[PDB]
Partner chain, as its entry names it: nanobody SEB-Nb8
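In structure tokens, one chain follows: the form deposited without the partner chain.
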């Protein structure tokens, strides 16, 4: 089944967001969580899992809390080896680790947080990368198309959304420090006779809540990388 295209729920307008657009841009910039074949090492609340994933590139985190929509999802992946991929946040992130009074001077642990992004490792690997075409519509016209790549058979929508928006930040300035050249944007995922979409712009007002925005990924929704198609619909600002 297909989510109706926007107009019920009309889209967020970037011109009515008066906060710092950088706080959206940073979620789809170069840095993101990516780990292959890792297992949970702890749990804070009953609907999350904690991973020791080090930020080898900048060391901004050593531990990542992954939050899910419900207990069933955390139970499904607990203690199993998985791949993790997603957009992380810091300012609103908190968790405690249950290391049983720990030792070895745990100290100086650097934390970050995310939602969903988890797929089983075993069985889900392709030998060679798969390409997925993204068609971009600007004011109704398809003026740009490009591909994103994944090595997973079942892939989260979060991973594909990140890769799509990363290209558009770098090449079409989708988000800038204090504005966007686009008024509205949505990303649409098509998988056989199912389709769904996400609003790409922040809610109006002077503050952007990163955690609430990223919470949409807590369903861990997945698509089959061989069947999915991506469309992006942007409208330009006056």
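Numbering follows the first chain given and starts at 1. Only residues modelled in both forms are compared. Definition used throughout: the rigid core is the maximal C-alpha set that superposes within 1.5 Å between two forms.
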query	finding
Gap at residue 130 across at least one third of the other PDB entries	no
Flanks modelled, residue 72 absent in at least a third of other entries	no
Mean C-alpha B-factor comparison - 184 to 192 and 52 to 60, higher one	52 to 60
Per the entry, higher mean C-alpha B factor between 134 to 142 and 92 to 100	92 to 100
Candidate set 162, 115, 129, 81 [ranked by C-alpha B-factor, highest]	129
Criterion, highest CA B-factor; candidates, 9, 22, 219, 227	9
CA B-factor placement of residue 39, once the chain's modelled residues are sorted into thirds	middle
Residue 179 - which third its CA temperature factor falls in, relative to the rest of the chain	highest
For residue 105, the third of its chain into which the C-alpha B factor falls	highest
Chain third (lowest, middle, highest) by recorded CA B-factor, residue given as residue 31	highest
Residue 158 by Cα B-factor - lowest, middle or highest third of the modelled chain	lowest
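There is another form of the same protein, the form solved in complex with the partner chain; it is not shown, and what comes next is about it.
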item	value
Contact at 2, 157 and 196 by the partner chain in the deposited bound form, all three, heavy atom at most 4.5 Å	no
Heavy atom of residue 90 within 4.5 Å of the partner chain in the deposited bound form	yes
Contact flag, residue 21 vs the partner chain in the deposited bound form, heavy atom cut 4.5 Å	yes
4.5 angstroms heavy atom contact with the partner chain in the deposited bound form for residue 187	no
is_contact(residue 210, the partner chain) in the deposited bound form, heavy atom dist at most 4.5 Å	yes
Residue ranges moving between the shown form and the other one (criterion: at least three consecutive CA positions shifted 2 angstroms or more, core aligned)	54 to 61, 177 to 180
